[PDB]
Structures are given as C-alpha cells and as structure tokens.
Amino acid sequence: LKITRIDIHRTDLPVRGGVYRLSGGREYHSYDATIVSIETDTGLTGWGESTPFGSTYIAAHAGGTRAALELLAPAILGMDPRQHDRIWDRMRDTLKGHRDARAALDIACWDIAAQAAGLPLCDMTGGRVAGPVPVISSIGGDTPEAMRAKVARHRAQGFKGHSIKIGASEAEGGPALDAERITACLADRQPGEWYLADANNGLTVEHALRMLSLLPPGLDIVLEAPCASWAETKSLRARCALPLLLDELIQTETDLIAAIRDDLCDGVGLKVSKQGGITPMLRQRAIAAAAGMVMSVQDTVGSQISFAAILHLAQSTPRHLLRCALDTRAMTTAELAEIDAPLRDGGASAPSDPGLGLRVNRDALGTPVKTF
Amino acid sequence: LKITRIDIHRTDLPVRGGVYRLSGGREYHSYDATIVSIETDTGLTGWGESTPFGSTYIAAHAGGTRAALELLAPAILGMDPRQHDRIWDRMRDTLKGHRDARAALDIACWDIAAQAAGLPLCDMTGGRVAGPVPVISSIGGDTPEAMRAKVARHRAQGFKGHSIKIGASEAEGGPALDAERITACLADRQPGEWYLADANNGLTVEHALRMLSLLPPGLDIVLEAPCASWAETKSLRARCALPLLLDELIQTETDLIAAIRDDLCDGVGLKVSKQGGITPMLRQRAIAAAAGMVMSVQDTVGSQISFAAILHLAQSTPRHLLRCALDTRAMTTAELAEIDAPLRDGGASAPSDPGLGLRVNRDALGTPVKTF
Amino acid sequence: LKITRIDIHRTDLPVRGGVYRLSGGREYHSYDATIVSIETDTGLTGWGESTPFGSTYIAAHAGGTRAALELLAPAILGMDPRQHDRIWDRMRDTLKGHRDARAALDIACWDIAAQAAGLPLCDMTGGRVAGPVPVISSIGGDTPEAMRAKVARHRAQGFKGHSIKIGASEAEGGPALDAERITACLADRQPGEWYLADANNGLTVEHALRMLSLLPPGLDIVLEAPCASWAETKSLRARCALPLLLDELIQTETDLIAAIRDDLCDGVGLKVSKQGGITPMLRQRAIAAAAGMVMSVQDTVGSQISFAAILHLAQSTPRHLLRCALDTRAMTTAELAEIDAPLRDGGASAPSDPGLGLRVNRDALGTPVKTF
Amino acid sequence: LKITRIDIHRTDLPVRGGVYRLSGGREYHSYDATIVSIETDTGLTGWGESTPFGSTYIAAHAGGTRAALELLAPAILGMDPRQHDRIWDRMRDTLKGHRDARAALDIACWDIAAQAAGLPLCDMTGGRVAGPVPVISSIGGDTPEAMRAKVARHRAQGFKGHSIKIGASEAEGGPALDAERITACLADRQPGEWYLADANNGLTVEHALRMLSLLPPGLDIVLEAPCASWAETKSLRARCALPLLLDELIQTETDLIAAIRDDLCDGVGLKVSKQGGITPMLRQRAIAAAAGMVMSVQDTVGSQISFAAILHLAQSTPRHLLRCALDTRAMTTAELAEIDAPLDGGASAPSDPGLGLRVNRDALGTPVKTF
C-alpha cells in the first residue's frame with residue numbers, strides 16, 4: 001500500500017450570517033480553503049481539509065498552507081499511508097511547524113487507512129462512544145442584544161454549547177461591554193447547556209480582571225483564550241476562579257506539556273488544522289485526558305470535509321471530557337461534500353460508512369491548483 | 001501468645017433502603033463481605049471485617065481480598081498477635097499493597113490484644129474520650145428533594161453529620177444539579193450539624209469550578225474527594241476557598257505525607273479497610289493530628305464488625321479534630337454480630353467490654369470458605 | 001467481529017542465571033505467569049501474558065491477577081477486539097486498578113487486531129522505525145565483582161544497556177557498597193553502552209545522597225527508582241544532578257502527569273504489565289514523548305509472549321527517546337512460544353508476520369484453569 | 001487501675017570523663033537530674049527520668065522541670081496510666097510546652113503499662129526487631145589530630161557510628177578548623193561506619209557554606225543541627241547537597257510537619273526528654289518513618305533510667321531508618337539503677353516486663369515533693 005498521487009484544490013467559503021468579528025478589530029467575510037486528495041496504488045482516495053481562519057487567528061494563512069504543501073506533498077509520495085507516526089516524522093523532517101499543511105495530508109491518510117480496514121474513522125480512533133455528540137455554536141462579536149439573538153437561533157436549531165466571542169476595546173465599551181455580552185448571552189439559558197466566553201487571545205490581564213469584577217456572581221461559564229501570551233495567561237490564572245480553556249496557545253504536543261507543568265488551564269480547544277491532523281489530535285487527546293482536561297473538538301472553520309474529521313474524532317472521545325463538537329455547517333455557506341450527519345436526538349452522530357464517510361462534490365472544488 | 005488458626009468467611013450485605021448511587025453511574029444493591037476470625041493457643045478469638053465498596057471505588061474487590069489472604073494468612077501464623085508493628089512488616093514483605101486484606105487480619109489481632117489486656121479497644125488505642133461520638137450518614141445520589149428527605153430521616157435518627165454524594169454527568173444536569181443537591185440537603189439544617197459533599201473522585205476540575213461558582217455564598221460545607229488524581233486535586237486546590245477533604249487518594253502513610261508536602265487538604269477520610277486496619281489508622285491519625293487535619297473515621301461499608309473497629313478508633317480520637325464516625329448500621333441491613341452501642345444522647349458510645357465488644361452470630365456467617 | 005472465548009493459563013517460569021536479588025532483601029527463584037488466549041467468531045487467536053515480579057515489586061501478584069480476570073474476562077466477551085479504547089473503558093468500569101489483569105487481555109486484543117489487519121504489531125503502533133532495537137540486560141543483586149562479570153557476559157552476547165540492581169543495607173556496607181557495585185559494573189565499559197542504577201524504590205534519601213557524594217566525578221549513569229514514595233523522590237530530585245528515571249511510581253497515565261507537574265524525572269521505565277498493556281503503553285509513550293522523557297521499554301519479567309509485546313512497541317518508538325528494550329529471554333528459561341527475533345546487527349528486530357509474530361506452544365501452558 | 005502517688009526526686013549526675021564542650025562556648029561538669037516514680041492502687045511502680053543538658057541546649061533546665069511537675073503531677077493523680085493519649089491531653093490542658101517535665105511522668109506511666117501487660121517496653125511499642133541496636137560514639141569538641149585518635153580509640157572498641165562536634169568561632173579557626181576536624185575524624189575510616197557532624201545549632205549560614213566549600217569532595221557525612229533558627233536552616237538547605245539531620249528544632253509533632261512541608265531535612269535526632277516521653281516519641285517515629293526520615297534515638301543525658309527508655313524505643317524501630325541509639329551510661333558516673341543491657345558497639349533491650357530496671361530508690365535521696 002503506497003501513496004502515488006496528491007492533488008491540491010483551492011476554494012472560497014462564504015460566511016453564514018454576518019461579518020464574523022473577533023477581538024482586536026479582526027473581521028472575516030469569507031474563508032480560503034485548501035482541499036487535498038490522496039490516491040493509493042490500490043485505487044483508494046482520501047480527502048483532507050485545511051482552512052486557516054484567514055490570516056490573523058494564528059500564524060497561518062491559506063497561501064502559506066499551499067506553499068508548505070509544495071515541500072510536504074512530494075516528501076510523503078511512496079509512503080504507506082497507514083504508518084501515521086512515520087508519515088508524521090517524514091513531514092517534521094521535511095519542514096518544522098506548518099501544522100495547517102500537515103493536517104490536510106494527515107486527514108486524507110487516515111481517511112485511506114480507515115477505508116482499507118472497512119471501518120468508519122471513529123472505529124479506527126478508539127471506537128464509537130454511544131449516542132450522538134452534542135454540537136457547539138460560534139457566536140461572532142456584536143452588541144449584547146444581537147449576540148443573545150444568535151444564541152437564540154442556535155438553541156432553536158438544537159445546539160447545546162455556545163462559544164461567544166468577547167474582547168471589546170476601551171473605545172468600544174471595554175470590560176463593561178464584555179460583561180454585558182456574557183450576561184445577555186446567558187440570560188435565556190436552559191438546562192444542559194454549556195457556555196464558553198472566547199477572547200481569542202485578545203484581553204490584557206487588566207481587562208480580564210476588570211471584566212471578572214463586573215460579572216454578576218453565580219454564573220456557569222468557562223473562559224477561553226483570554227490572553228496573547230503564556231506569561232499573561234499565567235498571571236490571570238493566579239487571580240481567576242473560573243475554569244480556563246486554552247486554544248491559540250496550544251498548538252503542539254509540547255505546548256500541552258508546558259500547560260500541565262505550569263497548571264495553566266482546565267481545558268483545551270483542539271482544532272484539527274491547528275493541531276496538525278488526526279495523528280496529533282490523538283496524541284493531544286491522550287495527554288489532555290490523562291491530565292483531566294476537558295476538550296472541545298473543533299476546527300478553525302471548514303466545509304463538510306472538515307466537519308467529518310471533527311465528528312469522527314469527537315465520536316470516539318470519552319463523553320466525561322468532551323465539550324461538544326463544532327458544526328462548521330453553521331459557519332459557512334459552502335457545499336463541498338455530502339455526509340449523512342443531521343442534528344437529531346441531542347446532537348450529531350458519525351456515519352457508519354468506512355473512512356470519513358463523505359461524498360465529495362468534486363466539481364465544487366475546481367481543477368487542482370497542483371498535482372504531485 | 002501465638003496465632004494458631006485463621007478462618008475466612010464470605011457473606012453478602014444488602015443495602016439498607018433503595019439503590020445506592022455514586023458519581024460515574026456507579027450503583028449498589030449489596031456488598032460482598034469477607035469476615036475473618038483469628039484464634040490463639042490460649043483460646044482467645046478475634047474478629048475483623050474487610051468489605052470493598054464493590055470493585056469500582058478503589059483498586060480493591062472482594063475476590064481480590066480473598067486471594068490476598070491466601071498469601072497473608074499463612075504468613076502470620078505463629079506470631080504473637082500483640083506485636084502490631086512486626087505483624088505489619090511481615091504482611092508487607094509477603095505482599096505489597098492489598099491493604100483491604102491486611103485490614104481483616106490486623107483488626108482481629110487488635111481484638112485479641114485488647115482481650116488479653118482486659119480492655120476495650122478504645123482504651124488500648126489511647127483511651128476513651130468522654131461522651132458519645134457523633135455519627136455521620138451516607139446520602140446516596142438521587143434528585144435534590146429525594147436527597148433532602150434522606151437527610152431529614154437521618155436527622156430524626158439523631159445523625160449529626162451527612163455525607164452527600166455529588167457528581168452528575170453533563171447529560172444528567174452537570175454542576176447545576178450538583179449545586180442544587182447541595183443547597184437542598186442543607187435546606188433544613190439545625191445547629192451542630194456538619195456536611196460533606198463527596199464526589200468520590202468523579203469531578204473534572206472544570207466541573208468543580210463551575211459548581212463552586214453556582215453555589216450561593218455563605219454555605220458551611222466541606223468538599224470531599226473532588227478529583228480522580230493528584231495533579232487534578234492540586235489544580236483545584238489552588239482555586240478553591242472551601243475546606244477540602246481527601247479520601248480515595250489517601251491510602252498509605254506516605255500518601256498523607258505527600259498531602260502535607262503539597263498542602264493539598266484540610267481533612268482526611270480515614271477508612272479502616274482502605275488504610276488497612278487498626279495499625280495504619282493509628283499511624284495516620286498521628287500524622288493527621290500533627291498537621292491539624294480533621295478526620296472522619298469511617299469504613300468503605302460493613303456490618304457490626306466493621307462498625308466496632310470504627311467506633312473504638314473514633315472513641316479514642318480527640319474531639320477537636322474528629323468529624324464523626326460512620327454508623328455502618330445505617331448503610332446495611334445485615335446482623336452479623338450484636339453490639340451495645342445505641343445512638344442516644346448526641347451519638348454512639350463504644351462498649352466497655354474487652355476487645356471489640358462483639359457477640360458474633362456465627363450462624364449468619366456461613367461455613368468458612370477457607371482455613372489456615 | 002466479536003470476542004467469543006477467553007482461556008486463562010497458569011504456568012511457572014524458572015529464573016535464568018542464579019537467584020535474582022532486589023534492594024530490601026527480596027529474592028526471586030521462579031515467576032508465576034498468567035497467559036491468556038482470546039478467540040473471535042472468525043477463528044482468530046490472540047495471546048497475552050502477565051507475570052508480576054513475585055508479590056513484592058508493586059501491589060500485584062499472580063493470584064490477584066487471576067482473581068481480577070474473573071471480573072474482567074466476562075466483562076469484555078462479545079466486544080469488537082479492535083476497539084482498544086472502548087475495551088479499556090469497559091475494563092475500568094468493571095474494576096479499578098489491576099493493570100496486570102488488563103494487560104494480558106489488552107495485548108491479546110491487539111494481537112487479534114494486528115492479525116485481522118495483516119500487519120506486524122509494530123506497523124499497527126505507528127510504524128517500524130528502521131534498524132534493530134538495542135537490548136538491555138538485567139543485572140540482579142550480588143557482589144561488585146560478581147555483578148561486573150554478569151555485565152561482561154551480557155556484553156559478549158551483544159547487550160548494549162545494563163540495568164544494575166543496587167540498594168544495600170547498612171549491615172552489608174550501605175551507600176559505599178552501592179557506590180562500589182556501580183564503579184565495578186562500569187569498569188569494562190565500551191562505546192555505545194547505557195547504564196541505569198536501579199534501586200527499586202529501596203533507598204532512603206539519606207542513603208542516596210551519601211552514595212552520590214561517594215561516587216567518583218565524571219560518571220555517565222542514570223539513577224532509577226531511588227526512593228519508596230513520591231515525597232521522598234521529590235526531596236532527592238531537589239539535590240540530585242544525575243538524570244533520574246522513575247519506574248514503580250509510574251503505573252497510570254495520571255502518575256506520569258504528576259511527574260511532569262512536579263518535574264520529578266528525566267525518564268520513565270515503562271513495563272508492559274505495570275502500565276497495563278499495549279493501549280496504556282501507547283498513551284504513556286505519547287505523554288513521555290511530548291515531555292521529552294527518555295523511555296526504557298520493558299516488562300516486569302516474562303516468556304516470549306511478554307517479549308514479543310516489548311519488542312513490537314520498542315520497534316515503533318522514536319529512537320531519539322528509546323533507552324533499550326528488555327530481552328526477557330535472558331531472564332527466564334521457559335520456552336512458551338517461538339519467535340524469530342535474534343540478537344544481531346546491534347539488537348533485536350521485530351518479526352514481519354501479522355500480529356505479535358508468535359508460534360505459541362499450546363501444551364506448554366497446560367489445560368486452562370478457567371474459560372469464559 | 002489508678003495512679004495514687006507520685007514522688008519527685010532530684011539527684012546530681014557527675015560527668016564521666018572530660019568536661020563536655022558544645023558550640024558557642026558551652027561547658028558542663030555535672031547534670032541536674034529529675035527522677036519520678038509513680039505508684040498505682042495495685043502496687044505497681046513506674047520510673048521516668050528527665051534531665052536537661054544544662055540550661056542552654058534547648059529552652060529547659062532542671063529547676064524549670066521541677067517547677068512544671070508541681071502543676072503536672074497533681075493533674076494526673078487518679079488517672080489510668082495505661083491511657084497514654086488521655087494523660088497527654090490532661091497534661092497539655094494543664095501546662096503548655098515543658099515537654100521535659102511531661103517526659104518523666106509519661107515514661108513512668110508507660111513503665112506501669114508494660115508491667116501490667118507482662119511485656120518488655122520494646123514489645124509494647126510495636127515489637128522487638130532482631131539483633132542488637134548500634135550505639136553512637138561521641139567525639140568531643142577538641143583539636144583535629146586529637147579528634148581522629150579518639151575515633152581510632154572508639155573504633156578499636158567496636159563502635160561504628162560517630163557523632164563529631166563542630167562549630168569553631170573565627171578567633172579559634174572558623175570553618176577551616178571545622179573542615180579539618182571532619183576530614184581528620186574520617187581519615188582512617190573502615191567499612192560499615194556512619195558519621196554525623198553536630199553543630200548544635202551554632203553555625204551561621206555563611207560559616208556553614210564556607211565549611212562545605214572547604215571540605216574535600218567524596219566524603220560520606222551527615223550534617224546535624226547546623227543553624228539556630230528555622231529560616232537560617234531553610235537558607236542553608238537550598239544550597240546544601242549533604243544529608244541534613246535536625247535536632248533542637250524538632251521538639252513537637254507540629255515541628256516535624258513543618259519540616260516535611262518545607263522539605264527541610266532527611267533525618268531527625270529524637271531525644272526522649274526533648275520530644276516529651278514515650279508517647280510523643282512514638283507519634284514522631286510514625287511521622288518520620290512515613291516521611292522516610294532516618295532517626296537517631298537518644299536523650300539529652302541521663303542515668304540508666306533514661307537509657308532504658310532509649311533502648312526499648314530503639315529496639316522497636318525499623319532498622320533501615322535507625323541511626324544508632326545513645327548510651328547515656330558513657331556520659332555520667334551515676335549508678336541509679338541496674339539494667340541487663342551490656343555492650344560490640346551494640347546493646348539489646350532486656351526481656352523483663354516494663355523498662356527492665358532495678359531502681360535503687362535510696363540512691364535518689366528523699367523526694368523533694370510527693371503528691
């Protein structure tokens with residue numbers, strides 16, 4: 001079993017709903033996707049998606065993803081796609097970092113390994129955990145009232161978690177606006193829901209502490225990614241009673257080790273293309289699970305191809321530690337593939353078809369930008 | 001004085017009341033007890049009980065106790081039952097750990113030593129402290145109002161302490177359910193009571209911090225066994241204002257030292273069969289009292305036999321530090337022995353007779369399953 | 001695919017070479033082994049072995065292992081043996097701890113999966129890393145001159161690492177003797193060798209610091225398992241410049257996390273049946289690798305069934321962090337299975353056959369003592 | 001069983017041998033001993049001794065011991081002497097601290113308990129451990145060359161453990177003198193020997209670090225009681241690879257916990273009348289053994305009566321943690337009682353019920369007080 005051909009495709013994914021806003025005046029109107037197919041000598045095709053949340057979320061951008069694949073793709077031609085640790089080593093030995101580029105390749109290799117074993121990917125990654133995976137919303141920054149409404153649609157649509165973006169500048173209202181945002185987004189809360197306030201590494205410690213003082217007592221909320229640096233996050237941690245989830249700061253396996261060593265956080269936001277694919281998602285899940293860390297299983301953003309990997313990984317994750325999977329279908333307007341995984345009975349369930357369980361609308365991708 | 005004969009009995013102890021529920025979906029209908037008699041060349045008989053809380057509470061199960069006794073029982077034959085430290089060392093060089101096994105032998109040797117000295121066990125373990133010992137209930141998991149009613153019944157029986165089992169899954173209602181169980185169980189509080197919220201090692205730190213957030217301010221409560229590991233408990237400890245009591249994680253004397261070195265807790269749940277008998281209970285008492293740690297003197301569960309060891313130990317513990325003895329009679333329905341220790345006048349007083357003070361019902365125990 | 005039948009075998013494994021000695025007066029003459037076969041509805045057979053190092057190395061003994069299997073083996077009947085994480089989960093909610101009992105079953109389930117897939121276990125566990133794995137001898141306790149000759153004898157056979165067992169009483173010469181056993185064992189050292197001084201949890205901090213003072217400067221040795229407990233190991237660590245490897249103290253994935261949080265060691269002795277099988281070995285490897293900890297891949301002791309498990313895991317471990325695989329063939333005389341894995345070209349290489357690559361000698365294990 | 005009478009005695013215990021010097025210019029020619037008997041209504045008699053090492057070793061002196069007994073002894077009239085924790089409680093409720101005074105009472109109560117059970121004390125305190133207990137050779141403050149020769153003497157007589165006293169002022173030679181003494185006393189060492197450098201709380205951190213720097217590499221040595229306070233000792237511990245044993249700083253059970261919490265030492269010097277008798281020696285042992293700390297079992301000083309308590313305690317101690325018992329008979333000339341426990345650098349506790357003492361009541365003088 002051998003990789004013989006890799007094809008790189010590029011497409012645009014339009015935002016669903018308004019401009020997506022994060023802290024620091026970042027705004028996103030659409031997303032540039034890199035979709036990779038991999039073929040074996042035996043005739044299997046694997047699919048992987050990598051789409052940076054534009055160019056300003058972490059140190060990655062779609063054009064960089066493609067430039068890294070120019071090195072990574074030919075490096076792994078003629079390798080056995082089932083030897084996931086050794087493929088990973090070959091990529092590392094080719095090019096340090098650039099996990100966004102590793103991800104699309106790694107996912108497609110896993111998609112193949114699963115099809116070869118005639119198993120859905122959740123049964124290749126530990127085994128299906130019973131019942132559907134609950135799903136989490138992505139609530140762009142807006143006014144408290146507009147945010148609380150986006151929470152309300154998602155609830156009606158059957159979402160159980162909400163990730164509400166915060167991080168208002170002083171000019172915009174500061175910590176008082178963020179505190180109002182949080183109280184408003186929790187106002188219509190019902191039983192069994194879970195809330196995450198995501199600052200996207202955008203708060204000063206001073207702002208976080210002022211926000212925490214303004215929040216009313218007695219709220220059930222988890223703070224995500226409050227600061228831009230490790231040292232800031234450690235200061236806040238010494239002075240914050242709320243659970244803390246790290247996201248942008250946890251990219252590698254050794255970042256997770258640093259967080260354990262410093263007792264930095266109570267949870268991790270694992271994003272498939274941020275961590276670098278299925279392989280590191282599994283290593284990082286194993287580290288986080290040993291540490292008692294809760295895990296929201298996500299991606300930066302993507303199509304149904306990205307969603308498929310998210311759902312399969314979420315579906316083999318211990319329910320005790322899992323804090324929802326991201327439904328990226330709520331996030332863009334695109335239609336790149338078919339997957340049978342609707343929102344019923346509390347969440348989404350991974351399909352039973354071998355591999356990722358996708359039917360890729362190959363005409364929606366356009367002709368490969370590059371082939372190896 | 002010399003140990004001549006050791007009999008090993010097996011008997012089932014039914015739960016008093018309905019299903020007993022712990023965190024993690026653990027459910028209990030009855031408990032597999034192992035009762036041991038030890039006989040001397042002077043025709044003294046001593047009794048000791050070890051009953052693991054099924055197979056899922058700590059790394060112990062009844063079949064495991066019996067298999068360990070296959071090693072331990074032959075190894076102490078011929079020893080003077082009065083040389084507690086030398087018997088302890090003989091058990092240790094025969095088999096590491098398995099303190100549930102040591103417990104049964106160890107208790108029966110102390111029962112002998114007390115009888116030979118012509119004193120009740122409490123007067124051999126430092127001396128009776130005046131007045132009855134307050135007793136604590138075990139309030140199994142249920143809805144808040146169901147739990148609240150169980151507390152009422154025990155309060156009416158004259159119980160001063162209540163151990164309330166917490167630890168709901170997200171699907172069950174999560175921290176908010178746990179917060180409601182606590183407030184409900186505390187709702188009819190009268191002066192002089194003491195409450196433990198025991199999660200039996202089943203919270204993530206994320207769940208715990210959310211729960212503590214949800215609790216109203218101004219409660220008098222002790223949190224017990226929140227987390228499944230040392231690193232997780234350390235992390236919560238840094239961010240928790242409530243007294244913390246450790247249970248499952250404190251098994252050896254060296255565990256208590258580690259708890260001191262890391263300032264990990266304010267109190268300890270000492271369980272006769274988890275610590276491994278009267279000898280380690282004494283050493284651990286000494287260590288805890290020096291650290292000004294409060295101690296609740298309990299067992300996993302048991303008949304009147306276990307209750308006798310518990311009560312004598314508590315009866316010789318300083319009142320300043322003692323936070324109840326477990327009335328195991330309120331937990332099980334079985335009558336394996338008679339003991340003169342009614343709840344009245346504030347709690348239960350240890351019998352004045354020599355040894356444990358038990359009149360054992362040999363008929364209730366069945367034919368020995370093994371003899372040495 | 002479903003597990004249909006589980007057979008449990010008991011045999012005895014005689015020590016190769018003279019009586020094997022450990023710190024604290026422990027001596028081993030033979031080992032009581034538990035061997036498990038597992039059978040699927042498709043007629044595949046898997047094998048696994050678990051043999052505690054007698055009764056006195058960790059809290060484990062063969063009788064307890066067999067007792068635990070009475071709970072575990074029926075628990076997993078009918079499960080798909082390829083779902084390692086859900087099998088693990090089933091085992092943990094049946095019975096806490098007893099990783100020795102999980103190991104035999106866990107390894108047999110991996111054996112099956114590797115067969116079902118048509119792959120050597122090393123290509124199921126990341127991929128074969130090129131070249132033979134260096135093997136480590138096991139130098140039992142004796143006189144400095146006797147130890148130094150055992151080392152010589154293993155060196156002639158092409159062993160590259162040596163684990164030298166230290167830890168003398170004051171009556172036998174204390175620290176100074178240990179310092180002699182080490183200098184002696186290192187005196188015929190050739191290029192490319194690696195030495196561990198293993199005290200098997202048997203030194204006091206006072207003895208270990210005296211020993212360190214006594215050692216001549218300029219030595220290349222790693223200290224292994226110096227002290228009995230977590231708190232003692234931490235005091236030593238604070239005052240010890242030598243790399244330190246932890247063994248008995250690391251059994252669970254959470255133990256390894258605690259070691260990282262406390263910066264307690266530079267390496268870990270992973271033993272297949274102490275960790276509890278292929279599944280936790282892979283989890284602990286991911287944690288150790290992320291932390292940059294070197295790993296010696298070993299087992300307590302075993303036949304060829306134990307050895308196949310070791311060698312397949314070591315063969316897929318990054319060479320950068322590996323610190324030898326234990327060749328159990330030099331520790332015991334038994335021949336319970338056939339395996340084509342000779343010492344040549346610098347160490348042993350995992351066989352190429354599907355699964356463990358064993359030809360088991362089915363009458364050398366004798367009629368099963370229990371079947372489910 | 002009831003305590004009916006307590007007699008308090010005072011006798012002087014002349015030094016055996018040369019005048020004993022400690023650090024900071026401390027000097028001693030005889031010791032003021034307090035001996036206590038306790039009688040029960042069944043006619044059993046118990047004996048205990050407490051004798052502070054003059055007036056400057058720790059916060060205790062014989063006149064203070066006796067003033068304290070004036071409160072403590074009447075407090076425990078009427079109690080069952082077997083109820084050691086409740087007697088200890090009564091004593092704490094009566095008078096804070098003064099563990100020297102508790103000691104004499106607590107030891108005599110245990111002596112009774114052991115007699116009433118027909119067991120030697122060692123078998124009341126966990127059970128006899130096999131073999132004799134090593135006893136510690138003491139090497140007084142004096143010149144280096146002199147010191148080494150006294151070690152050669154003690155070695156000749158079969159002693160394997162030596163406690164060597166250090167703590168020279170700058171005038172007298174400073175850390176250099178101390179480094180010389182140590183290197184000397186180890187210079188002709190043989191297999192199986194154990195050495196302790198005892199500063200008796202008298203070094204500054206600066207002195208101690210200069211000493212440690214001036215010492216040759218490769219020495220097997222334990223450092224005892226280097227500094228006068230908790231914070232100084234914590235400073236030195238941060239910068240000291242040598243095993244460290246604490247003595248004067250460890251008096252109560254809570255002292256030992258503070259030591260664990262701070263990771264302050266690897267051993268403790270337990271002294272019967274510093275800790276306060278058998279009851280706290282036993283609590284302290286259990287704490288120390290759980291922490292993996294080695295223990296030297298000693299007393300401040302005393303007659304055979306103090307020796308009996310040390311010896312029964314040492315004899316029930318796990319051997320891998322024990323670092324010698326002290327033979328107080330080598331320290332004083334007093335002949336207050338007979339015990340069959342002769343020395344090979346070693347001694348075994350007698351097999352008689354209780355302490356195994358034949359006390360010469362007359363040798364003690366007329367009680368200074370009766371209750």
Side-chain angles (χ1 to χ4, degrees), chain B residues 121-136 159-163 191-196 220-224 242-247 250 256 259-260 263-272 275 278 281-298 310-327 345-350, chain D residues 72 75-76 79-80 83-99 102 106 251-258 260-261 275-277 279-280 282-284 286-287:
Chain B
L121 192 64
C122 69
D123 284 328
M124 299 274 299
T125 53
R128 165 188 315 273
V129 174
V133 166
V135 294
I136 182 151
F159 286 82
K160 285 178 139 46
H162 305 283
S163 179
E193 303 181 347
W194 185 78
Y195 291 81
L196 268 175
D220 165 6
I221 203 174
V222 175
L223 184 44
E224 162 176 19
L242 286 46
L244 246 46
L245 192 133
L246 288 182
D247 186 40
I250 305 306
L256 206 42
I260 290 151
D263 180 24
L264 195 43
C265 67
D266 310 294
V268 56
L270 296 175
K271 286 178 166 60
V272 171
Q275 314 334 118
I278 306 291
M281 284 286 285
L282 294 178
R283 293 185 185 181
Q284 290 177 30
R285 189 161 73 184
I287 293 162
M293 279 173 184
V294 298
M295 295 163 253
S296 186
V297 183
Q298 302 202 3
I310 290 160
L311 180 54
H312 281 276
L313 287 170
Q315 189 76 59
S316 57
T317 301
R319 218 36 84 61
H320 189 60
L321 299 169
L322 176 68
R323 295 287 185 272
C324 299
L326 179 68
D327 201 333
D345 319 312
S349 282
Chain D
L72 289 184
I76 68 157
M79 309 194 65
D80 178 351
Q83 281 185 216
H84 45 256
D85 288 350
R86 305 288 82 77
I87 303 229
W88 186 262
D89 295 346
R90 176 74 55 80
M91 291 188 298
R92 308 183 90 213
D93 289 341
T94 303
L95 172 64
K96 212 113 169 202
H98 301 75
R99 285 176 181 239
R102 295 193 194 163
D106 176 83
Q251 299 181 36
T252 63
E253 293 80 55
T254 60
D255 296 336
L256 209 34
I257 305 298
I260 279 133
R261 171 79 59 80
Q275 317 328 122
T279 297
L282 287 178
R283 295 172 192 192
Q284 300 184 23
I287 301 164

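First the proteins, then the strands, lettered A, B, ... as listed; each starts at 1. FYI, side chains are in, hydrogens and waters are out, and symmetry mates aren't considered; it's all heavy atoms of this structure.
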Using residues 289-298 of chain B as the side-chain source, report each donor-acceptor pair under 3.5 Å to any protein atom, sequence neighbours left out, with the distance given to one decimal.
residue, atom, partner, partner atom, Å
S296(B), OG, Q298(B), NE2, 2.9
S296(B), OG, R323(B), O, 2.9
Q298(B), OE1, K271(B), NZ, 3.3

Just verifying a value: how many Å separate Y195(B) OH and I136(B) CD1, rounded to the nearest 0.5 Å? 10.0 Å
Quick one: list whatever passes side-chain hydrogen bond (donor to acceptor under 3.5 Å, both in side chains) with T317(B), sequence neighbours left out. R285(B)
Are any of the side-chain nitrogens in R283(D) or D85(D) under 4.0 Å away from the carboxylate oxygens of its partner? yes
Note: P243(B) and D266(B) closest approach over all heavy atoms is CA-OD2, 3.3 Å
For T279(D), all residues meeting side-chain hydrogen bond (donor to acceptor under 3.5 Å, both in side chains), sequence neighbours excluded: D106(D), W110(D)
All side-chain hydrogen bond (donor to acceptor under 3.5 Å, both in side chains) counterparts of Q284(D), not counting sequence neighbours: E253(D), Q275(D)
Can you find a pair of side-chain heavy atoms, one from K160(B) and one from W194(B), that are under 4.5 Å apart? no
Any side-chain heavy-atom pair of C324(B) and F159(B) under 4.5 Å: no
In chain order, what residues pass the side chain to side chain contact (heavy atoms under 4.5 Å, CB included) check against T94(D), with sequence neighbours excluded? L71(D), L72(D), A75(D), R90(D)
Distance-minimising heavy-atom pair for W88(D) and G276(D): CZ3-O, 3.3 Å
Please name all residues satisfying side chain to side chain contact (heavy atoms under 4.5 Å, CB included) with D263(B), sequence neighbours left out, ordered by chain then number. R237(B), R261(D)
Residues which pass ring pair (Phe, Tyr, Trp, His ring centres under 6.0 Å) with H98(D), listed by chain and number, not counting sequence neighbours: none
Give the minimum heavy-atom separation between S349(B) and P132(B), together with the two atoms involved. OG-CA, 3.3 Å
Side chain to side chain contact (heavy atoms under 4.5 Å, CB included) partners of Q83(D), counting only residues at least two apart: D123(B), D80(D), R86(D)
Closest heavy-atom pair and its distance - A130(B), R319(B): O-NH1, 3.2 Å
Tightest non-hydrogen contact, residues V135(B) and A348(B), listed as CG1-CB, 4.1 Å
Does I278(B) reach the side chain of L121(B), with side-chain heavy atoms less than 4.5 Å apart? yes
To the nearest 0.5 Å, tell me how far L245(B) CG sits from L270(B) CG. 8.5 Å
Partners meeting side chain to side chain contact (heavy atoms under 4.5 Å, CB included) with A350(B) (sequence neighbours left out): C122(B), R128(B), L311(B), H312(B), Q315(B)
Only counting residues at least two apart or in another chain, list the ones meeting side-chain hydrogen bond (donor to acceptor under 3.5 Å, both in side chains) with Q251(D). none
Kindly give the heavy-atom pair with the smallest separation between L264(B) and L244(B), and that separation in Å. O-CD2, 4.0 Å
Is the closest side-chain heavy-atom distance between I260(D) and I287(D) below 4.5 Å? yes
Check whether any side-chain heavy atom of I310(B) lies under 4.5 Å from a side-chain heavy atom of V272(B), and answer yes or no. yes
